[PDB]
Amino acid sequence: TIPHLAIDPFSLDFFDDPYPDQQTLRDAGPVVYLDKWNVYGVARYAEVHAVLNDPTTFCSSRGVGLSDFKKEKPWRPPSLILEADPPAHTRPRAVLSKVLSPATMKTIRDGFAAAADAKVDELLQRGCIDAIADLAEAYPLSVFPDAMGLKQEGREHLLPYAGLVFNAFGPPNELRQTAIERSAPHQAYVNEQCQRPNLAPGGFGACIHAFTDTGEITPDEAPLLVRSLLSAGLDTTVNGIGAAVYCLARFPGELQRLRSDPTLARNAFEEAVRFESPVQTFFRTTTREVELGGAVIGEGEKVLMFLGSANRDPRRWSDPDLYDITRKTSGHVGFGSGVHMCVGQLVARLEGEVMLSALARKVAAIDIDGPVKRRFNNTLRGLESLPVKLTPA
Ligand code: HEM
Ligand SMILES: O=C(O)c1ccc(-c2ccccc2)cc1
Ligand SMILES: [Cl-]
(Lines give C-alpha, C1' and ligand atoms only; values in the text may rest on other atoms or scores of the structure.)
(Ligands and ions follow the chains in the order given, each with its own letter.)
Protein backbone atom coordinates (compact mmCIF):
# COMPACT_ATOMS: atom_id res chain seq x y z
CA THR A 1 0.00 0.00 0.00
CA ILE A 2 3.05 2.21 0.53
CA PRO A 3 5.29 2.76 -2.52
CA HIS A 4 8.90 1.73 -2.18
CA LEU A 5 11.52 3.99 -3.78
CA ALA A 6 15.25 3.55 -4.29
CA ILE A 7 15.98 7.29 -4.20
CA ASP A 8 18.83 8.10 -1.81
CA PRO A 9 18.09 11.57 -0.35
CA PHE A 10 21.61 11.66 1.08
CA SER A 11 23.46 11.05 -2.19
CA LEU A 12 25.51 13.67 -3.97
CA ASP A 13 23.25 13.28 -7.01
CA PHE A 14 20.25 14.22 -4.89
CA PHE A 15 22.02 17.20 -3.31
CA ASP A 16 23.17 18.42 -6.72
CA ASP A 17 19.56 18.81 -7.87
CA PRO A 18 16.88 17.56 -5.48
CA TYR A 19 13.79 19.07 -7.08
CA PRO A 20 12.86 16.37 -9.63
CA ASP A 21 13.35 13.64 -7.06
CA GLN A 22 11.28 15.60 -4.54
CA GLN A 23 8.43 15.78 -7.04
CA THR A 24 8.80 12.03 -7.55
CA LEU A 25 8.57 11.57 -3.78
CA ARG A 26 5.51 13.84 -3.46
CA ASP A 27 3.67 12.28 -6.35
CA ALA A 28 4.33 8.67 -5.29
CA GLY A 29 1.90 9.10 -2.38
CA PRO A 30 1.55 10.83 1.00
CA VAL A 31 3.89 8.29 2.64
CA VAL A 32 6.75 6.44 0.93
CA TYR A 33 9.26 3.84 2.02
CA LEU A 34 12.91 4.51 1.20
CA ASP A 35 14.50 1.07 0.70
CA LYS A 36 18.01 2.52 0.70
CA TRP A 37 17.85 3.37 4.42
CA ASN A 38 14.74 1.49 5.68
CA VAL A 39 12.88 4.65 6.69
CA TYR A 40 9.53 6.12 5.85
CA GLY A 41 9.42 9.41 3.96
CA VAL A 42 6.94 12.26 3.75
CA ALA A 43 7.52 14.96 1.15
CA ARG A 44 4.17 16.77 0.83
CA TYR A 45 3.36 19.84 2.92
CA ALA A 46 0.31 18.28 4.57
CA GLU A 47 2.13 15.25 6.00
CA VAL A 48 5.30 17.12 6.92
CA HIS A 49 3.18 19.65 8.82
CA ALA A 50 1.15 16.90 10.52
CA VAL A 51 4.24 14.98 11.60
CA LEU A 52 5.90 18.09 13.07
CA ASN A 53 2.76 18.94 15.01
CA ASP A 54 2.28 15.55 16.70
CA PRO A 55 5.34 15.24 18.96
CA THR A 56 3.75 12.51 21.06
CA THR A 57 3.44 10.11 18.15
CA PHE A 58 6.45 11.38 16.18
CA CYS A 59 9.03 11.91 18.90
CA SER A 60 12.44 13.59 18.91
CA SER A 61 14.04 11.88 21.93
CA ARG A 62 15.08 8.91 19.79
CA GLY A 63 17.06 11.36 17.62
CA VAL A 64 16.16 13.56 14.67
CA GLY A 65 18.81 11.84 12.54
CA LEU A 66 18.73 8.40 10.97
CA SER A 67 20.21 6.86 14.12
CA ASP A 68 17.67 5.63 16.67
CA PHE A 69 19.00 6.49 20.14
CA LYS A 70 17.09 3.49 21.50
CA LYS A 71 19.33 1.23 19.32
CA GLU A 72 22.65 3.09 18.94
CA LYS A 73 24.63 5.41 21.13
CA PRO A 74 24.45 9.13 20.20
CA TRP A 75 27.72 10.49 18.86
CA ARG A 76 27.56 13.18 21.58
CA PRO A 77 25.35 13.59 24.68
CA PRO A 78 21.81 14.27 23.44
CA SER A 79 20.66 17.85 23.13
CA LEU A 80 18.41 18.86 26.03
CA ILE A 81 16.14 20.68 23.62
CA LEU A 82 16.32 19.23 20.07
CA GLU A 83 16.51 15.59 21.19
CA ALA A 84 13.99 15.90 24.02
CA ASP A 85 10.24 15.48 24.11
CA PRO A 86 7.71 17.22 26.33
CA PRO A 87 7.74 17.48 29.24
CA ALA A 88 11.57 17.33 29.52
CA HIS A 89 11.76 19.65 26.51
CA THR A 90 9.54 22.35 27.97
CA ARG A 91 11.65 24.25 30.49
CA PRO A 92 14.92 24.22 28.47
CA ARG A 93 12.83 25.47 25.53
CA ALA A 94 11.38 28.24 27.70
CA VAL A 95 14.87 29.34 28.76
CA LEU A 96 16.20 29.54 25.20
CA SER A 97 13.03 31.38 24.13
CA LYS A 98 13.67 34.03 26.80
CA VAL A 99 17.39 34.23 25.97
CA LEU A 100 16.61 34.68 22.24
CA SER A 101 13.55 36.86 22.88
CA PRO A 102 12.26 40.15 21.45
CA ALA A 103 13.99 42.02 24.28
CA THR A 104 17.32 40.51 23.39
CA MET A 105 16.72 41.36 19.72
CA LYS A 106 16.23 44.98 20.73
CA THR A 107 19.57 45.03 22.54
CA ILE A 108 21.46 43.59 19.52
CA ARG A 109 19.68 45.01 16.44
CA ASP A 110 21.66 48.23 16.09
CA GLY A 111 24.99 46.43 16.22
CA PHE A 112 23.84 43.67 13.87
CA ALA A 113 22.60 46.29 11.38
CA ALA A 114 25.75 48.42 11.58
CA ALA A 115 27.86 45.30 10.95
CA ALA A 116 25.74 44.41 7.90
CA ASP A 117 26.02 47.92 6.48
CA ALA A 118 29.78 47.90 7.09
CA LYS A 119 30.23 44.52 5.41
CA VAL A 120 28.33 45.60 2.30
CA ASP A 121 30.40 48.78 2.11
CA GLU A 122 33.57 46.69 2.37
CA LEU A 123 32.42 44.30 -0.34
CA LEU A 124 31.44 47.17 -2.66
CA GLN A 125 35.03 48.44 -2.42
CA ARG A 126 36.26 45.05 -3.66
CA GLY A 127 33.59 44.73 -6.38
CA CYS A 128 34.16 41.06 -7.16
CA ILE A 129 33.68 38.85 -4.12
CA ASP A 130 32.72 35.33 -3.10
CA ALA A 131 29.27 35.76 -1.62
CA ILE A 132 29.78 32.65 0.53
CA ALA A 133 33.17 33.17 2.18
CA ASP A 134 33.05 36.96 2.02
CA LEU A 135 29.39 37.55 2.92
CA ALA A 136 27.26 34.54 3.92
CA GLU A 137 30.06 33.27 6.18
CA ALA A 138 31.82 36.52 7.01
CA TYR A 139 28.76 38.46 8.18
CA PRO A 140 27.43 35.90 10.71
CA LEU A 141 30.99 35.24 11.89
CA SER A 142 31.26 39.00 12.48
CA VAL A 143 28.18 39.16 14.78
CA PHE A 144 27.14 35.80 16.16
CA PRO A 145 30.26 34.58 18.03
CA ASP A 146 30.41 38.00 19.69
CA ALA A 147 26.70 37.93 20.57
CA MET A 148 27.32 34.48 22.17
CA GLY A 149 30.12 35.96 24.26
CA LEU A 150 32.86 33.75 22.79
CA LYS A 151 36.53 34.58 23.02
CA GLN A 152 38.30 35.37 19.75
CA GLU A 153 40.62 32.36 19.87
CA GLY A 154 39.35 29.14 18.29
CA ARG A 155 36.36 30.47 16.35
CA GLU A 156 37.70 28.60 13.30
CA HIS A 157 36.16 25.52 14.98
CA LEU A 158 32.56 26.80 14.82
CA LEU A 159 31.71 26.11 11.19
CA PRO A 160 33.42 22.66 11.13
CA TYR A 161 31.56 21.74 14.31
CA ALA A 162 28.21 22.74 12.83
CA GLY A 163 28.93 20.90 9.59
CA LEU A 164 29.63 17.86 11.75
CA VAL A 165 26.36 18.26 13.66
CA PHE A 166 24.29 18.48 10.52
CA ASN A 167 26.16 15.69 8.71
CA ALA A 168 25.63 13.48 11.78
CA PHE A 169 21.86 13.56 11.32
CA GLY A 170 22.44 11.65 8.08
CA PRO A 171 23.01 7.96 7.49
CA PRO A 172 26.46 6.47 7.99
CA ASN A 173 27.67 7.53 4.56
CA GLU A 174 31.07 9.02 3.78
CA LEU A 175 29.99 12.59 4.61
CA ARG A 176 28.96 11.53 8.09
CA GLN A 177 31.80 9.18 8.85
CA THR A 178 34.50 11.59 7.68
CA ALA A 179 32.97 14.37 9.78
CA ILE A 180 32.97 12.18 12.88
CA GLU A 181 36.53 11.00 12.21
CA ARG A 182 37.79 14.61 12.24
CA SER A 183 35.58 15.81 15.09
CA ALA A 184 37.72 15.58 18.23
CA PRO A 185 39.30 19.08 18.12
CA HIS A 186 36.05 20.83 17.25
CA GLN A 187 34.11 19.04 19.97
CA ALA A 188 36.83 19.84 22.51
CA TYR A 189 36.75 23.53 21.63
CA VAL A 190 32.95 23.76 21.64
CA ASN A 191 32.46 21.88 24.91
CA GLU A 192 35.01 24.06 26.69
CA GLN A 193 33.41 27.34 25.54
CA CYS A 194 30.11 26.15 27.02
CA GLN A 195 31.46 26.51 30.57
CA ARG A 196 30.29 29.62 32.39
CA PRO A 197 33.77 31.19 32.93
CA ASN A 198 34.44 31.20 29.15
CA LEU A 199 31.33 33.18 28.15
CA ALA A 200 31.52 36.98 28.25
CA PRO A 201 29.02 38.94 30.36
CA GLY A 202 25.80 39.95 28.63
CA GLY A 203 26.12 37.46 25.74
CA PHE A 204 23.74 34.62 24.94
CA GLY A 205 25.91 32.02 26.69
CA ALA A 206 26.09 33.99 29.94
CA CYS A 207 22.35 34.63 29.79
CA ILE A 208 21.71 30.89 29.61
CA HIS A 209 23.87 30.33 32.67
CA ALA A 210 22.05 33.22 34.40
CA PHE A 211 18.79 31.25 34.02
CA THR A 212 20.10 28.31 36.09
CA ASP A 213 18.48 29.42 39.34
CA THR A 214 14.82 29.85 38.40
CA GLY A 215 13.93 26.18 38.60
CA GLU A 216 13.77 25.94 34.81
CA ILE A 217 17.26 24.48 34.29
CA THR A 218 20.01 23.52 36.65
CA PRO A 219 23.63 24.66 36.39
CA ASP A 220 24.72 21.28 34.94
CA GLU A 221 22.19 21.76 32.09
CA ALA A 222 23.49 25.15 30.97
CA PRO A 223 26.65 24.00 29.11
CA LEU A 224 24.58 21.70 26.87
CA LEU A 225 22.12 24.52 26.17
CA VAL A 226 25.00 26.78 25.16
CA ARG A 227 26.09 23.84 23.01
CA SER A 228 22.74 24.03 21.25
CA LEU A 229 23.33 27.61 20.15
CA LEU A 230 26.88 26.79 19.01
CA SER A 231 25.46 23.83 17.04
CA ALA A 232 22.49 25.44 15.29
CA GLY A 233 23.11 29.16 15.48
CA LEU A 234 25.79 29.86 12.86
CA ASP A 235 25.83 27.44 9.90
CA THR A 236 22.08 27.67 9.41
CA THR A 237 22.28 31.45 9.03
CA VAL A 238 25.28 31.13 6.70
CA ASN A 239 23.21 28.99 4.36
CA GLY A 240 20.13 31.19 4.77
CA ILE A 241 21.94 34.40 3.85
CA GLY A 242 23.79 32.59 1.06
CA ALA A 243 20.44 31.38 -0.24
CA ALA A 244 19.00 34.90 -0.17
CA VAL A 245 21.94 36.35 -2.10
CA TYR A 246 21.81 33.45 -4.57
CA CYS A 247 18.11 34.15 -5.09
CA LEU A 248 18.68 37.85 -5.65
CA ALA A 249 21.49 37.07 -8.10
CA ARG A 250 19.29 34.63 -10.07
CA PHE A 251 16.10 36.76 -9.95
CA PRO A 252 17.24 40.31 -10.77
CA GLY A 253 13.63 41.46 -11.03
CA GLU A 254 13.27 40.70 -7.34
CA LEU A 255 16.47 42.54 -6.46
CA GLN A 256 14.95 45.52 -8.28
CA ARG A 257 11.71 45.27 -6.31
CA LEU A 258 13.69 45.02 -3.09
CA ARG A 259 15.74 48.10 -4.00
CA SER A 260 12.55 50.02 -4.61
CA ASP A 261 11.19 49.09 -1.17
CA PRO A 262 13.88 48.09 1.34
CA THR A 263 11.15 47.37 3.91
CA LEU A 264 10.60 44.16 1.97
CA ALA A 265 13.97 42.93 3.32
CA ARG A 266 12.56 40.76 6.07
CA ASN A 267 10.03 39.08 3.80
CA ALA A 268 12.64 38.66 1.07
CA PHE A 269 14.74 36.72 3.56
CA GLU A 270 11.79 34.64 4.73
CA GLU A 271 11.02 33.76 1.10
CA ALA A 272 14.64 32.70 0.65
CA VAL A 273 14.22 30.33 3.61
CA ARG A 274 11.09 28.89 2.01
CA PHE A 275 12.59 28.69 -1.49
CA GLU A 276 16.08 27.35 -0.59
CA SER A 277 15.34 25.77 2.76
CA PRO A 278 18.79 25.73 4.45
CA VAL A 279 17.67 22.72 6.48
CA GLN A 280 16.31 20.22 3.94
CA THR A 281 15.47 17.10 5.96
CA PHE A 282 15.45 15.49 9.37
CA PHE A 283 13.64 12.74 11.18
CA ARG A 284 11.17 11.74 13.84
CA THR A 285 10.63 8.29 15.38
CA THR A 286 7.18 6.77 15.84
CA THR A 287 6.23 5.91 19.42
CA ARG A 288 3.26 3.77 18.35
CA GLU A 289 1.61 2.32 15.30
CA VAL A 290 0.09 5.33 13.55
CA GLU A 291 -2.06 5.96 10.49
CA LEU A 292 -0.66 8.78 8.34
CA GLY A 293 -2.16 9.77 4.99
CA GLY A 294 -3.74 6.32 4.74
CA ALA A 295 -0.64 4.23 5.46
CA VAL A 296 -0.01 2.41 8.73
CA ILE A 297 3.46 3.02 10.15
CA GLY A 298 4.65 0.69 12.90
CA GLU A 299 6.09 1.71 16.27
CA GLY A 300 9.77 2.54 16.44
CA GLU A 301 10.14 3.60 12.80
CA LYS A 302 12.16 6.53 11.50
CA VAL A 303 10.19 9.03 9.44
CA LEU A 304 12.17 11.34 7.14
CA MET A 305 10.56 14.74 6.55
CA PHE A 306 11.42 16.68 3.40
CA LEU A 307 11.08 20.31 4.56
CA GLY A 308 12.38 21.76 1.31
CA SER A 309 9.90 19.64 -0.61
CA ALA A 310 7.01 20.69 1.65
CA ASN A 311 8.03 24.31 0.94
CA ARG A 312 7.78 23.65 -2.83
CA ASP A 313 4.63 21.48 -2.78
CA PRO A 314 2.13 22.82 -5.38
CA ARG A 315 -0.68 21.36 -3.26
CA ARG A 316 0.14 24.18 -0.81
CA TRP A 317 1.94 26.92 -2.75
CA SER A 318 1.10 28.83 -5.90
CA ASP A 319 4.08 28.94 -8.28
CA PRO A 320 6.28 27.22 -5.69
CA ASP A 321 9.38 27.33 -7.91
CA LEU A 322 9.36 31.14 -8.09
CA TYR A 323 11.23 33.42 -5.70
CA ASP A 324 8.66 36.10 -4.82
CA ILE A 325 9.63 38.64 -2.15
CA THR A 326 6.01 39.69 -1.63
CA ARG A 327 4.75 36.11 -1.15
CA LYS A 328 2.66 35.40 1.89
CA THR A 329 5.15 32.93 3.36
CA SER A 330 3.16 32.22 6.52
CA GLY A 331 3.06 28.49 7.14
CA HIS A 332 6.31 27.52 5.46
CA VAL A 333 8.24 24.84 7.39
CA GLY A 334 11.77 26.08 6.77
CA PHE A 335 12.05 26.86 10.50
CA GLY A 336 10.01 23.79 11.43
CA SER A 337 6.60 23.89 13.06
CA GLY A 338 5.11 23.13 16.44
CA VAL A 339 6.85 22.73 19.78
CA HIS A 340 10.37 22.50 18.33
CA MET A 341 9.92 25.29 15.76
CA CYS A 342 13.25 27.11 15.55
CA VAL A 343 13.87 28.85 18.90
CA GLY A 344 16.50 30.99 17.19
CA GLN A 345 14.26 32.26 14.38
CA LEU A 346 14.36 35.86 15.64
CA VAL A 347 18.18 35.86 15.46
CA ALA A 348 18.07 34.31 11.98
CA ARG A 349 15.49 36.78 10.75
CA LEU A 350 17.34 39.74 12.28
CA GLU A 351 20.57 38.78 10.49
CA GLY A 352 18.82 38.13 7.20
CA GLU A 353 16.73 41.29 7.39
CA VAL A 354 19.58 43.65 8.14
CA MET A 355 21.84 42.11 5.52
CA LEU A 356 19.18 42.24 2.82
CA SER A 357 18.37 45.83 3.91
CA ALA A 358 22.01 46.82 3.43
CA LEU A 359 22.02 45.22 -0.04
CA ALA A 360 18.72 46.88 -0.95
CA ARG A 361 20.07 50.33 -0.06
CA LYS A 362 23.61 50.01 -1.40
CA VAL A 363 23.72 47.53 -4.34
CA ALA A 364 22.28 48.05 -7.83
CA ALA A 365 23.16 44.68 -9.36
CA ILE A 366 24.41 41.26 -8.29
CA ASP A 367 25.87 39.30 -11.20
CA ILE A 368 27.28 35.78 -10.95
CA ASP A 369 30.71 36.02 -12.53
CA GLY A 370 32.38 32.71 -11.83
CA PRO A 371 31.73 29.01 -11.30
CA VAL A 372 29.14 28.32 -8.62
CA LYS A 373 30.07 25.40 -6.35
CA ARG A 374 27.68 23.53 -4.09
CA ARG A 375 28.53 22.54 -0.51
CA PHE A 376 27.40 18.99 0.33
CA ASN A 377 25.92 18.17 3.75
CA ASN A 378 23.56 15.43 4.77
CA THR A 379 20.93 17.90 5.94
CA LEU A 380 22.03 21.48 5.14
CA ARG A 381 21.59 22.92 1.65
CA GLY A 382 23.81 25.71 0.45
CA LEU A 383 26.75 26.79 -1.64
CA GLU A 384 30.51 26.49 -1.19
CA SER A 385 31.38 29.33 -3.55
CA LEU A 386 29.25 32.04 -5.17
CA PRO A 387 31.40 34.47 -7.17
CA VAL A 388 29.52 37.69 -7.78
CA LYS A 389 30.21 41.18 -9.01
CA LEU A 390 28.41 43.78 -6.88
CA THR A 391 27.53 47.02 -8.67
CA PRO A 392 27.03 49.98 -6.31
CA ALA A 393 23.77 51.89 -6.31
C1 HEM B 1 18.01 30.47 8.59
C2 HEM B 1 18.47 30.01 9.77
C3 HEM B 1 17.85 28.81 10.52
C4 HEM B 1 17.07 27.82 10.04
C5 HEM B 1 16.63 27.60 8.59
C6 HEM B 1 16.75 26.94 11.17
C7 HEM B 1 15.93 25.84 11.10
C8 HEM B 1 15.46 25.13 12.20
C9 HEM B 1 14.51 24.04 12.18
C10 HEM B 1 13.83 23.50 10.90
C11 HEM B 1 14.35 23.58 13.42
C12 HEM B 1 13.39 22.46 13.88
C13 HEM B 1 14.12 21.18 14.23
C14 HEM B 1 13.16 20.08 14.62
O15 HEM B 1 11.92 20.29 14.52
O16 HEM B 1 13.64 18.99 15.01
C17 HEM B 1 15.19 24.39 14.30
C18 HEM B 1 15.33 24.21 15.67
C19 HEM B 1 16.27 24.87 16.43
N20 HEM B 1 17.04 25.95 16.04
FE21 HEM B 1 17.00 26.89 14.22
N22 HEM B 1 17.35 27.47 12.29
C23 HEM B 1 18.01 28.63 11.94
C24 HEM B 1 18.70 29.47 12.80
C25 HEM B 1 18.93 29.26 14.13
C26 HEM B 1 19.64 30.16 15.02
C27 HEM B 1 20.24 31.52 14.58
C28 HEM B 1 19.66 29.57 16.23
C29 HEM B 1 20.27 30.07 17.55
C30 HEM B 1 20.82 31.27 17.72
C31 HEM B 1 18.96 28.32 16.14
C32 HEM B 1 18.75 27.39 17.13
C33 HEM B 1 17.85 26.34 17.11
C34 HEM B 1 17.55 25.43 18.20
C35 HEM B 1 18.25 25.48 19.58
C36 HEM B 1 16.62 24.56 17.80
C37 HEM B 1 15.92 23.43 18.56
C38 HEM B 1 14.59 23.97 19.13
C39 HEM B 1 13.76 22.93 19.84
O40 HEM B 1 14.05 21.73 19.69
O41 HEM B 1 12.77 23.31 20.54
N42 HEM B 1 18.50 28.17 14.85
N43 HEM B 1 15.86 25.33 13.53
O1 LIG C 1 22.30 21.02 19.50
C2 LIG C 1 21.14 21.44 19.33
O3 LIG C 1 20.32 21.53 20.29
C4 LIG C 1 20.63 21.58 17.93
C5 LIG C 1 21.31 21.04 16.83
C6 LIG C 1 20.75 21.09 15.56
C7 LIG C 1 19.52 21.70 15.41
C8 LIG C 1 18.80 21.68 14.08
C9 LIG C 1 18.27 22.77 13.46
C10 LIG C 1 17.56 22.60 12.29
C11 LIG C 1 17.32 21.34 11.76
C12 LIG C 1 17.79 20.23 12.41
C13 LIG C 1 18.52 20.40 13.59
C14 LIG C 1 18.83 22.18 16.51
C15 LIG C 1 19.38 22.13 17.78
CL1 LIG D 1 30.18 18.24 21.35
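Residues numbered from 1 in each chain as written, not as in the entry; some residues may be left out. Chains lettered and ligands numbered in written order. Heavy atoms only, no water.

- This deposited entry lists X-ray crystallography as its structure determination method and 1.5260 Å as its resolution.

1. A word on the overall build of the chain
- Counting secondary structure elements, the chain contains 16 helices and 13 strands.
- Its C-alpha atoms give the chain a radius of gyration of 20 Å, within 12% of the compact-globule value 21 Å for 393 residues.
- The C-alpha extent of the chain, read off along each of the three principal axes, is 60 × 50 × 35 Å.
- Looking at the 393 residues of the chain, the share that counts as buried comes to 59%. (Helix = DSSP H or I, 4+ residues; strand = E, 2+ residues; numbered from the N terminus. Rg over C-alpha atoms; globule rule 2.2 N^0.38 Å. Buried < 20%, exposed > 50% of the residue type's maximum accessible area, 1.4 Å probe, protein only.)

2. Some thoughts on the coordination of the iron atom of ligand 1
- Donation to the iron atom of ligand 1 from the protein comes from one atom only, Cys342 (SG), at 2.4 Å.
- Among the structural elements, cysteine 342 can be located in the loop between α15 (307–310) and α16 (345–362). (Donors = N, O, S within 2.8 Å, 3.2 Å for Na, K, Ca; no water.)

3. Examining the UniProt feature "binding site: heme b" (unreviewed entry) in the chain
- UniProt tags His89, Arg93, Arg284, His340 and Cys342 as "binding site: heme b" (unreviewed entry).
- Note on placement: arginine 93 falls in helix α4 (residues 90–99).
- Residue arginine 93 is classed as buried on the basis of its relative accessible area, which comes to 17%.
- Setting aside anything within four residues of it in sequence, one finds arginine 93 in contact with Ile81, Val339, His340, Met341, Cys342 and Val343. (UniProt positions renumbered as here; feature names shortened; annotations may be inferred. Contact = heavy atoms within 4.5 Å.)

4. Side note on the site of ligand 2
- Within the structure, ligand 2 sits among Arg76, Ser79, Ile81, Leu82, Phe166, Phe169, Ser228, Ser231, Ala232, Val279 and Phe282.
- Within the contact set of ligand 2, an oxygen atom lies 3.0 Å away from a side-chain nitrogen or oxygen of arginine 76.
- Between ligand 2 and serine 228 there is a distance of 2.6 Å, counted from an oxygen atom to a side-chain nitrogen or oxygen.
- In the complex, 86% of the free accessible area of ligand 2, which totals 370 Å², lies under the protein chains.
- Counting residues per element, the shell around ligand 2 draws most heavily on helix α11 (residues 222–232), which supplies 3 residues.
- Its residues assigned to classes, the shell around ligand 2 comprises 7 nonpolar, 3 polar and 1 charged. (Near = heavy atom within 4 Å. Polar contact = N/O pair within 3.5 Å; in protein donor to acceptor, adjacent residues only side chain to side chain. Areas by Shrake-Rupley, 256 points an atom, 1.4 Å probe, with all protein chains shown as cover. Nonpolar A, V, L, I, M, F, W, Y, C, P; charged D, E, K, R; others polar.)

5. With respect to the sheet that holds strand β9 (residues 302–306)
- Ordered by their spatial adjacency, 6 strands build an open sheet running β1-β2-β3-β9-β6-β4, and the pairing between neighbours is mixed. Strands with a single pairing partner mark the edges of an open sheet, and in this sheet they are β1 (4–5) and β4 (58–59).
- Looking at chain direction, β4 and strand β6 (residues 281–286) are connected through 2 bridges and run antiparallel. Residue pairing across strands places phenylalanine 58 opposite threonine 286, the latter belonging to β6.
- On top of the sheet, helix α3 (residues 45–52) reaches β3 (39–42), β4, β6 and β9; it is set at about 125° to β9, its chief contact. (Pairing = 2+ DSSP bridges. Axes fitted to C-alpha atoms, helices over the stretch in contact; angles between N-to-C directions.)

6. A short note on the site of ligand 1
- Not every one of the 25 residues close to ligand 1 is listed here, only the nearest: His89, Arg93, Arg284, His340 and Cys342.
- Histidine 89 places a side-chain nitrogen or oxygen 2.8 Å from an oxygen atom of ligand 1.
- Residue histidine 340 places a side-chain N or O atom 2.6 Å away from an oxygen atom belonging to ligand 1.
- Of all elements in the fold, only α11, α12 (235–250), β6 and α16 reach the threshold of two or more residues within the shell around ligand 1.
- For the shell around ligand 1, a count of residues per class yields 15 nonpolar, 8 polar and 2 charged.

7. Describing the sheet that holds strand β5 (residues 128–130)
- With antiparallel pairing, the 3 strands of this open sheet are ordered in space as β5-β13-β10. Of all strands in the sheet, those bounded by a partner on one side alone are β5 and β10 (363–368). In this sheet, adjacent strand axes meet at a mean angle of 35° when their direction is disregarded.

8. A few points about the packing of helix α7 (residues 158–168) against helix α9 (residues 184–193)
- It is at 9 Å that the axes of α7 and α9 come closest, and there the two elements cross at 105°. With respect to α9, the element α7 is oriented roughly perpendicular. Contacts between α7 and α9 involve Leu158, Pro160, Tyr161 and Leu164 on the former and, on the latter, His186, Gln187, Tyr189 and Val190.
- By residue class, the composition of the contact of α7 with α9 is 6 nonpolar, 2 polar and no charged. (Parallel < 35°, antiparallel > 145°, perpendicular 65-115°, else oblique.)

9. Section: the side chain of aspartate 8
- The residue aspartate 8 is located in the loop between β1 and α1 (12–16) in this model.
- The side chain of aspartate 8 is buried and forms no salt bridge, while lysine 36, the nearest opposite charge, is found at 4.5 Å.
- Separated by 2.8 Å, the side chains of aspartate 8 and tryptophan 37 make a polar contact. (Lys, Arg positive; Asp, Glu negative; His and termini not counted. Salt bridge = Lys/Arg side-chain N within 4 Å of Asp/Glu carboxyl O.)

10. With respect to the side chain of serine 277
- On the secondary structure map, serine 277 appears in the loop between α14 (265–275) and β6.
- Judged by relative accessible area, which is 1%, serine 277 ranks as buried.
- Leaving out residues up to four positions away in the same chain, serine 277 has contacts with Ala272, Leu307, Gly308, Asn311 and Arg381.

11. Regarding the nonpolar core
- Membership of the largest hydrophobic core comes to 104 residues, with the highest contact counts inside it found for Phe204, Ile208 and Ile366.
- With 9 residues, α16 is the single largest residue contributor to this core.
- Non-local contacts of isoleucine 366, meaning those with residues more than four positions away in its chain, are made with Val245, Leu248, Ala249, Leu255, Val388, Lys389 and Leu390.
- With 14 residues, the next largest nonpolar core counts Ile7, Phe14, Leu34 and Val39 among its residues. (Core = buried A, V, L, I, M, F, W, Y, C linked by side-chain atoms within 4.5 Å.)

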